[PDB]
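Here we start with a single chain on its own, the form deposited in one PDB entry, put down as structure tokens.
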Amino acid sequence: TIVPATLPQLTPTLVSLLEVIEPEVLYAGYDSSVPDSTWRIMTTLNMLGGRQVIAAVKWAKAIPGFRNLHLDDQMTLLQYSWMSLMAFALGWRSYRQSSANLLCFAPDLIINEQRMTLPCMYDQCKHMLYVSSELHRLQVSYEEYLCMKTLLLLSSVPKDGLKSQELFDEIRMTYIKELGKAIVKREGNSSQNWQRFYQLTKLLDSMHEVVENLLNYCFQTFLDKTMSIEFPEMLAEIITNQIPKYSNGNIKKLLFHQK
């Protein structure tokens, strides 16, 4: 008798919604008559960091699905991945601003190879430029990039989990689906879309090391008192609260892809 109608598909908008949500880049820099001393560089970066980190909070709140998570979990995810998100943002801006494996932070702030003078960068160049080099190597587009950035927001959980877990898991699949689409529609490939997806996922999975190593350095810079560095209260509070979570193994890494 009755034949159910078929369903045409509506324009997916999650990617364009994210394009709209993404904030503009903030200014940072310092009076150029001052040499780029270890502590000056760190101070400039710390103030920028705290400002970009707060922008990341409203940015997260604005994200579909994410915004429906219990607020405690929303804030938990921001802390746990704050480094992942910041590093990713930096790596992409770098390689797009210049093919050089430099660090592009702000309209007035570039750290070129000759400027990687912080002990932290010397030891971590292999991790911070891991990300810019790989995104460059794969010639990552903005849109598939944003899809991945969202997944980084969702890349770590407490070892004890989230309260709205049965939403979290949905949100991840939702953006995983969007990343797939972001790849398929631009590459034009079949089996290579499968592989590009995994190649990109592998960044986000290897980035767990990128973060722990960078994280330990930011802990050391804030914890010790050997450099004349000003830090924003925001980052200082986060680190004060984050160090024991890190050291106690209370933060769980997620594995995005195998096969």
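All residue numbers refer to positions in the sequence shown, first residue = 1.
Absent from the display: the form solved in complex with a partner chain. The rest refers to it.
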| said: Against the partner chain in the bound PDB entry, would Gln74 count as a contact residue? Criterion: heavy atoms within 4.5 Å. | reply: yes
| request: Could you confirm whether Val57 comes within 4.5 Å of the partner chain in the bound PDB entry, counting heavy atoms only? | output: yes
| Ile243 near the partner chain in the bound PDB entry, any heavy atom under 4.5 Å? | no
| request: Using the partner position in the bound PDB entry, report whether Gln79 sits within 4.5 Å of the partner chain, counting heavy atoms only. | output: yes
